[PDB]
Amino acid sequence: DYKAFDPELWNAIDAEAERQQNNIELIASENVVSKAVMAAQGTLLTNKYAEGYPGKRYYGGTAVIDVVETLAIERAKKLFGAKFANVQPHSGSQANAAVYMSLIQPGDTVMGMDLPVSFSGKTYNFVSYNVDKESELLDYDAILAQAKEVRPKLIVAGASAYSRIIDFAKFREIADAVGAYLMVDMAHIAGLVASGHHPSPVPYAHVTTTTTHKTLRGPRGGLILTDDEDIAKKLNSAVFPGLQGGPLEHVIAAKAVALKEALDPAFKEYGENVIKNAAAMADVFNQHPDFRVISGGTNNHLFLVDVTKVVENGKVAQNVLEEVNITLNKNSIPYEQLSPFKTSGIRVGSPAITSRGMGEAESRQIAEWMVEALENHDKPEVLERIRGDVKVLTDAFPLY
């Protein structure tokens, strides 16, 4: 009965389990992990610190830990079709940083989308590309022309708010045309890569990185993939001892569990439902005349909506929707005119509601509420009614 020793803490945990149950989570980077992933991170593997890699540990006592890590490695390789995997990065940003350390020098130019900078932002010269102004799509010819001016040593593809399929073969063609490495950060789409709904970057990127959380639905953490053995060896040294000490083996256990879950046929259905639910919500905004969806829609788990014909800015929209138990985030839109603190947009995502079992009917309802709530932002008695309706829905879809 450990909970009796510390009630303030353990009651706050029940309060969060309750809050999550009454919230509609549309933050596009969020998800809902399995009990098995949680339990894996809650094991006594946290007691064992195991510097180095399997079969090449500094300290002894690591034969079992080597089995666990090898499982995560093999499942990652299998799931994403790569020859080399490193499951030790503590986060997606550590994973990226290792790639920078292994391929380019301090001071080199890196081009990336809509700026994957994190703590590396002062070590390298990051230069941003985004989308064409009219189509709001990637324009590979403009990106090539930009890369010919800037001459990056490394190009990064991947973004946290682009709704459309990325053509990784074209990124690699661009990279090869100016002699740059390609890295892809698939953090946001990794689960859709794993489900088959997004084309894989693995055959085209020199190195691919990802978080294990987000669409892949695992624990917080990183992963790096490559087909090139000389690069693998640099990556492994950059992660340890370059950036990190010993790995979090209990989190690696949880990566294993999540990777197995993503190898299951059922994960393909989840990814289909993610695609469908996002599409359904985007359709509600597309139909309405006072909301515009960026690029006109989505082929992935998210979209951006320009809300400025109905409320002043994306920050206001986020606050209003919090009133009705719906969380999401404000988000700059392409060629954003407003202030980075205000923005003209919101970003809406489907993975978390999909993981609690909601389908297209529910998704469409949720977006009706959003429209309604936003249209009546100044009418607290309306907000309260939507809130009541939201509660009926959350009650019908238990979180665990």
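In case it trips you up, residue 1 is the first one in the sequence shown, and so on.
- According to the record, the deposited sequence contains no missing residues between residue 165 and residue 166, so the chain is continuous there.
- Taking the PDB entry as given, 332-340 carries the higher mean Cα B factor of the two stretches 61-69 and 332-340.
- Taking the PDB entry as given, 366-374 carries the higher mean Cα B factor of the two stretches 366-374 and 37-45.
- Comparing C-alpha B-factors across 249, 312, 141, 74 in the deposited entry, the largest value falls on 312.
- Within the group 84, 119, 80, 129, the record's highest C-alpha temperature factor is found at 119.
- Sort the modelled residues of the chain by CA B factor and residue 345 lands in the highest third.
- In this PDB entry, the Cα temperature factor of residue 284 sits in the middle third of its chain's modelled residues.
- In the PDB entry, residue 220 places in the lowest third of its chain by CA B-factor.
- In this PDB entry, the Cα temperature factor of residue 291 sits in the top third of its chain's modelled residues, the highest group.
- Sort the modelled residues of the chain by CA B factor and residue 176 lands in the lowest third.
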